[PDB]
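Each chain, letter by letter, is given below.
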Amino acid sequence: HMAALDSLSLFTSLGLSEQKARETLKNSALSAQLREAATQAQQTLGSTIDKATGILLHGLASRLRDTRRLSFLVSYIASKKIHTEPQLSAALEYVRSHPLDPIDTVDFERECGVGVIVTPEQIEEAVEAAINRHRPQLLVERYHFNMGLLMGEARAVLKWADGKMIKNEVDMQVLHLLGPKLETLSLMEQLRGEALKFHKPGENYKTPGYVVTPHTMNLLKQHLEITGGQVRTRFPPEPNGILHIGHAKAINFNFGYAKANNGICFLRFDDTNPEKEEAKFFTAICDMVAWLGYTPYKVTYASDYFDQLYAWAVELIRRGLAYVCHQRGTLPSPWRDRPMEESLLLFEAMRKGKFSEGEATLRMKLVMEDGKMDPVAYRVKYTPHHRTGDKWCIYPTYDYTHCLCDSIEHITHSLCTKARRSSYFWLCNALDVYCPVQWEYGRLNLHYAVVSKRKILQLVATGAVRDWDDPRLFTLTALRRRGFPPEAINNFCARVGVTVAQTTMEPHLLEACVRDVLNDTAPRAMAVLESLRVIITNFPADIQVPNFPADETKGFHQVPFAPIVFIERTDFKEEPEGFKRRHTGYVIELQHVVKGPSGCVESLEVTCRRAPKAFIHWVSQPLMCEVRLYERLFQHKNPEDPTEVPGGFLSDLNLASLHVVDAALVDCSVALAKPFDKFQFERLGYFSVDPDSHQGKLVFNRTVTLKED
């Protein structure tokens, strides 16, 4: 057992510093009581004892004067019910009073936060507030400020929070403020660092391929001064870009890996190219990231660093590892061995705009894994930049940029899709700057989509699709418009995600996942498109329909009671072929059947067979509501790109697409509905609200059916 160890080895087994366990022996009473509290700890814990639990049992033994209740308090500390110093400071005083031993648990449990949970977010906020409330004293005193006050204010807002975990939140938020002291399984478990064989911060040198300069060890030391050894990771789209289903992996894998490991994640916009702002798209990205549930620590642009980048470029030239070249459109350069002072001149000259676009170039002097020669660092572009305007007329290339930017931001894990990889390390080592580690997930793609913004922006100009928002597509903004719940997409990658390689999937698998949650997260109602009036032999003359069939704990809807209800022209037949032709009330037998010109069936008539087999869906006093039902955009599920022989990218287009509705009869339960808050028609399946629906002229998108087969 544990009740069989020398007092000193028991006390270290509860995780006390020996020098504290030495001190503790001397106290023959504390010692002999702690010891007992530890025996009957695991007489009811059945195992070896957690070291976190340890400092509590020590705390308990050292303060509890009322020996009688020791058996009682241990039991609450053993079954982690009590697990923090204020909880125990509380229960201890609860027992300094309440001397009589009925000791109602409930009164007790309530006044010691036995059930309480305290989310990180709540601590973030409590310290964030605390800091703000002192921000300018804290910026001037810096590390000579009284960090005690920050913990204090933080405390008195979170009574039962782990005193340590507050400090950690303080230590960090302060660091970000002041800078360096320059003296199928689960998801956030799937993405935990130790569950992936990802390197721990500050230990880049353990990863495969990592080069170690005589600086690396001091560069990592600085790194660690600057980040406190936090997981830092990026996500780097173009500002005028379009996000598509694939990026849901990118996003999740970057913000996820941070969120899963107390990390932080920059959203860094790759704006190295001077374009104009198609604002439609830029905002679409900040949204879509939020919409999938993540909050960027900070939003940076690469333009933010043109200064630093340029300066480093110059430092490449000095190390004779880059040069200015005058070629055009890999044939070797006459200019790669030109002297350093010459490249220095013309780079500056290139900056002062003495060279027309492409009359000159800065190339890095090397040959890469795949035999590519002297890739280009800096080109000359004269279009004005969206953020630095016309300050610069030379700009870094992607290769050069999103490698050094990772160094400037001390990215710890630079994640990217799957080529010539160790050309990554090349820069950061040539300049002896901190050097992040690159791991590569691979390439999620789905069978039936075209996502090249080029090819997409001409499905919107060739009226094949309504907008870049169009549900037909797989742009995130589109699936959002099809009312796909974020949680689904996030669960999607949960079931099928690691760094696989170009594991491009077939769509229906996703919509398994979209529905598994729409089944629980979307209430129900009724409606049909091919409608028909149904009069009837008189009835009694407000029925009441379910929220969620499988469980009623949610509180049912409000329907109306009228005898002229409507129903689908696709349930009522003349000659049964057994198909049929209610969801609430009676049966209502067909007495009279109409007709008009032709064989058109103008109306109907029903009996009162209230009180077998096919029931149905129906709607009295209905609301007039547009609906769009969509069919797959591209005929060839397989890559619509010349993969097989289509010979056309705009050729494999099933001209079907979408079929407009009536403005059909719909249930009144779905009246106070804003966009995107989809529920279920018990008929065909799941639809969702389009952003065209006012309170009056409502509209819906057919999201997904109820099976496949």
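About the criteria used
- Residues numbered from 1 in each chain as written, not as in the entry; some residues may be left out.
- Heavy atoms only, no water.
- Residues with missing side-chain atoms left out of burial classes, pairs and counts.
- Salt bridge = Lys/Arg side-chain N within 4 Å of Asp/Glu carboxyl O.
- Helix = DSSP H or I, 4+ residues; strand = E, 2+ residues; numbered from the N terminus.
- UniProt positions renumbered as here; feature names shortened; annotations may be inferred.
- Contact = heavy atoms within 4.5 Å.
- Expected span 1.5 Å × (residues − 1).
- Domains from an automatic or database assignment.
- Nonpolar A, V, L, I, M, F, W, Y, C, P; charged D, E, K, R; others polar.
- Axes fitted to C-alpha atoms, helices over the stretch in contact; angles between N-to-C directions.
- Parallel < 35°, antiparallel > 145°, perpendicular 65-115°, else oblique.
- Left-handed = near helix turned anticlockwise from the far one by under 90°.

- For this deposited structure, the header cites X-ray crystallography as the method used and 3.300 Å as the resolution.

1. Digging into the pattern of salt bridges
Pairing is possible between side chains of opposite charge, provided their charged atoms come close.
Thinking step 1. Among the salt bridges present, the one from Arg133 reaches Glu153, with a minimum N-O distance of 2.5 Å. Of the two residues, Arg133 is situated in the loop between α8 (120-132) and α9 (135-141) and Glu153 in helix α10 (residues 147-155); the sequence distance between them amounts to 20 residues.
Thinking step 2. With a shortest N-O distance of 3.0 Å, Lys167 and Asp171 are connected by a salt bridge. With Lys167 and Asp171 both in helix α11 (residues 163-178) and four residues apart, the pair spans about one turn of that helix.
Thinking step 3. Connected through shared salt-bridge partners, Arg234, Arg268, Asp406 and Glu409 make up one network.

2. Topic: the UniProt feature "binding site: L-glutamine" in the chain
Thinking step 1. Per the UniProt record, "binding site: L-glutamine" is found at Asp270 and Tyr398.
Thinking step 2. Turning to its location among the elements, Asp270 is positioned in the loop between β2 (264-269) and α14 (279-291).
Thinking step 3. Residues contacting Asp270, with those up to four places away along its chain left out, are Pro236, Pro237, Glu238, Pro239, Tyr398 and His402.
Thinking step 4. Inspection of the secondary structure puts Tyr398 in helix α17 (residues 398-408).

3. Re α14
Thinking step 1. When the terminal C-alpha atoms of α14 are compared, their 18 Å separation across 13 residues agrees well with the 18 Å that a helix rising 1.5 Å per residue should span.
Thinking step 2. Phi turns positive, to about 110°, at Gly293, one or two residues after α14.

4. Thoughts on the domain arrangement of the chain
Thinking step 1. Each assigned domain of the chain is listed here: domain 1 (9-112) and domain 2 (120-177).
Thinking step 2. Spacing between the C-alpha centres of domain 1 and domain 2 amounts to 29 Å.
Thinking step 3. Contacts between the two partners involve six residues from domain 1 and, on the opposite side, six residues from domain 2.
Thinking step 4. Of the residues that constitute the side of domain 1 that touches domain 2, the class distribution is three nonpolar, two polar and one charged.

5. Examining the packing of α8 against α10
Thinking step 1. Contact pair α8 / α10: the axes reach a minimum separation of 9 Å and the direction vectors enclose 130°. Overall, the two elements α8 and α10 adopt an arrangement that is oblique. Note that α8 runs across α10; the crossing there is right-handed. Each of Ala126, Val127, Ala130 and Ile131 in α8 lies in contact with α10, whose residues at this interface are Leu150, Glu153 and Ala154.
Thinking step 2. Residues that form the contact of α8 with α10 fall into these classes: six nonpolar, no polar and one charged.

6. Concerning the environment of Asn429
Thinking step 1. Positionally, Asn429 belongs in helix α18 (residues 424-430).
Thinking step 2. Along the primary structure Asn429 and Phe484 are separated by 55 residues, whereas in three dimensions their C-alpha atoms are 45 Å apart.
Thinking step 3. Setting aside anything within four residues of it in sequence, one finds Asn429 in contact with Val211, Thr213 and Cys435.

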